[PDB]
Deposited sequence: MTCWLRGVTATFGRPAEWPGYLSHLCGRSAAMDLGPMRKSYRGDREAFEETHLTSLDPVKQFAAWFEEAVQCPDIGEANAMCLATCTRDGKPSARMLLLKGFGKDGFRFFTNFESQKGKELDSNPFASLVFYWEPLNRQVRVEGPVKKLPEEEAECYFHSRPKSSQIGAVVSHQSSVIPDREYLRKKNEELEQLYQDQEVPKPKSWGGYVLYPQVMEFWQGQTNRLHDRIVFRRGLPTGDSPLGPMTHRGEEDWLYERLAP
């Protein structure tokens, strides 16, 4: 194996720490979120991990965006972390729950005022006429919210992905990449991890 922990959330923590300390990785928490329609049309985009633990992986967005519409209709997702300078990939699959509105509100107000105003101004993924449109509306909302709290948009909040599958991939120069996959659940190549996790090695 060559693992730090047989709890894959703690293995993730170990790798995440190493990615944060790597000077050649800009945002260690950048990840690709894949969603799809119930009818099976996939979509995917980058966003930032904003909290993780036993309960899973947290991220925030406008619920009226493509990703929010798909998660609300079809609450299953996949994440990919790719840390090229360390030749490492982490894949996560699992169901998603929307975060309580109180938790989203508290998180929203912990962010810089410019980010809060950014969320108000931008109906994420709606059509706009040009660049200047955005700059102008942002400055008008800056005026509106001088010395005042910015309210969280009704359409803004978070989700938590509860992991059911987690794969750790370490690339190798000889092409025989190390892949260790954890799944929640015995064959001779299948092994018991912590809690209800099982793990096995996969061919690259």
Provide the list of deposited-sequence positions lacking C-alpha coordinates, grouped into contiguous ranges.
1-50, 236-242
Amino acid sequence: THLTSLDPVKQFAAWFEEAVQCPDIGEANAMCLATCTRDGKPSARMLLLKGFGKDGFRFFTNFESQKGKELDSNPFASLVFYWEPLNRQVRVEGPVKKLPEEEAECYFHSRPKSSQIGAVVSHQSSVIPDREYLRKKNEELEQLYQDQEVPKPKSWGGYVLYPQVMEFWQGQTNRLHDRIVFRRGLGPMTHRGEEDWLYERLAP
From here on, numbers count along this sequence of modelled residues.
Mean Cα B-factor comparison, 119-127 or 73-81, giving the higher one as deposited:
119-127
Stretch with the greater mean C-alpha B-factor as recorded in the entry, comparing 88-96 against 102-110:
102-110
Quick one: which of 20, 181, 189, 13 shows the highest Cα temperature factor in the PDB entry?
189
Between 41, 175, 45, 58, which one tops the list for Cα B-factor in this entry?
175
Tell me, lowest, middle or highest third: where does the Cα B factor of residue 147 rank within its chain?
highest
Lowest, middle or highest third: where is residue 137 by Cα B-factor in its chain?
middle
